[PDB]
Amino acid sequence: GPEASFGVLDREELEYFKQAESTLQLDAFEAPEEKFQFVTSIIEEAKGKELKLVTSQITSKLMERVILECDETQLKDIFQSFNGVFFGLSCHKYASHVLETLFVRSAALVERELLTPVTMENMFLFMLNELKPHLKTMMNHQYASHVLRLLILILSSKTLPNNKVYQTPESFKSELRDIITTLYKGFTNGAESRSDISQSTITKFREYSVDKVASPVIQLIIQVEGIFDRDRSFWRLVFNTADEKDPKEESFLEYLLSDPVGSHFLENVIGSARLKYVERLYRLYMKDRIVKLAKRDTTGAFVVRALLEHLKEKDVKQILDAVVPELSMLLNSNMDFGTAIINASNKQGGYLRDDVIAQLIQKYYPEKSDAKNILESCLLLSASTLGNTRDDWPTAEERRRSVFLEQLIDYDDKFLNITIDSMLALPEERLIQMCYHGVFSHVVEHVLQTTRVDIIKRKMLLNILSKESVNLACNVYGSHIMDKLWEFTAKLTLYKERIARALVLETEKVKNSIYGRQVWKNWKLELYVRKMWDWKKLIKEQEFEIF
């Protein structure tokens, strides 16, 4: 990071802040003002050495904790102290992250001053002016380019890191338009007009669009260019506009279709190109190849998903015609292509819906065979973290497969039935385990849909789950299953009495648990004790309401 010199803290300064963070995440505060007073206390010892605290791996975390938990005056004080060295920080391994926090808080505060009126608006504008000669540099920089991305979001009232948007004064809008065109001008060696750009500077721009750090910045600009440029200069920098293939564009499109970064870029950008330009790329370069591309799970499949969302009725149907006969084979690796087709089929009024269900079942629960078990097919239950002495935590593919199963259960009743049968085919032993599993407990919970599961299947699930009433009651996850059971147990009151009895026998264990005492409420167990007839009455009112 030669872009500025910050130096380092000494062991004395290190230990003070190393200790402030300790006692700050300890969160042993006995009031809010006490915790605030401690933050102010930190900001205080931090004055004059802010550039050092923010560029250290030991204390940069601390600084954004501070940026989030501090005053709006103090926030303006911290921002003001980064004056003159914003580019340096922007390009810095640790500081670039703090500038990001700083800027999101700042953006929130800028709205409060817009909707309830040195102001934060002017402060932001100062730093912006300070970065403008460096934007093209920043775009390619492995740290700075994230700050440039964020800035463009804020300036366009798009949504920010860590699902909220913020409104902006007109100057922010004017600044955005200024820096888009500054980049555009600085990407075209001049120039006269669209019609006067060399096929070598078009190639050089295309080259940026598949760069691992420049590409998201170019996606973003294309995403927000439409706000002023009703001609969309940057799109037209990348793709052509005539009804025929161009050998350079074609060679380029094939690379996008086979390259991870270029796949992202094509898919993120189709979601914001004008339909006429997207239909052109489809018909020219993909239409007659749609299955071959669909089979490219890591590159290009994703472009097919984007076509399915942003093309119009007639054409997403053609793609569905091509791809649904292939779906079960495509699910062998790329499960998320399943979601794109389910969603697309629904968007077109259940188009080919029966065939999609046929295919899903063909893959995850093929009628013909034995050992049919959608928990093995779809979650790979046997080769999973489920039930280890090895002290492993649930994985991200586990969470991903679980969510896919759940959406399958939402999709149709056939799948709800299939996984219930699959759960009963398990050894009791193993179904119980899933209830204690951070990720898989959600799958059990998802099955407990009273009006949707016939009373015989309910009763048999209840034969298993009931054995563990108390244990489920006191478990982080099992307690969420036990709550669902209050309703599931409708028209089956023998199982209600049996469960409520079990919980009550072990009352002091059940209460005096964080989770147990909530189950106690949800099952109205206090009524079960004080006023049985009133408890029974609730049961009857439940059965009537649900049936």
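Numbering starts at 1 and runs along the sequence shown.
In this entry, residue 193 and residue 194 are joined directly, with no residue of the deposited sequence lacking coordinates between them. In this entry, residue 117 is separated from residue 118 by 10 or more residues of the deposited sequence that have no coordinates. Comparing 460-468 with 82-90, the stretch with the higher mean C-alpha B-factor in the PDB entry is 82-90. Looking at 126-134 and 384-392 together, the entry lists the larger mean B-factor for 384-392, computed on C-alpha atoms. Taking the deposited Cα B-factors for 9, 525, 538, 532, the highest one is held by 9. Residue-level inspection of the entry shows that, of 243, 207, 321, 259, 243 has the top Cα B-factor. The deposited CA B-factor of residue 509 belongs to the middle third of values across its chain. Looking at the C-alpha B-factors along this chain, the one for residue 222 belongs to the lowest third. Looking at the C-alpha B-factors along this chain, the one for residue 518 belongs to the middle third. Ranked by Cα temperature factor within the chain, residue 149 sits in the lowest third according to the deposited record. When the modelled residues of the chain are ordered by C-alpha B-factor, residue 187 sits in the highest third.
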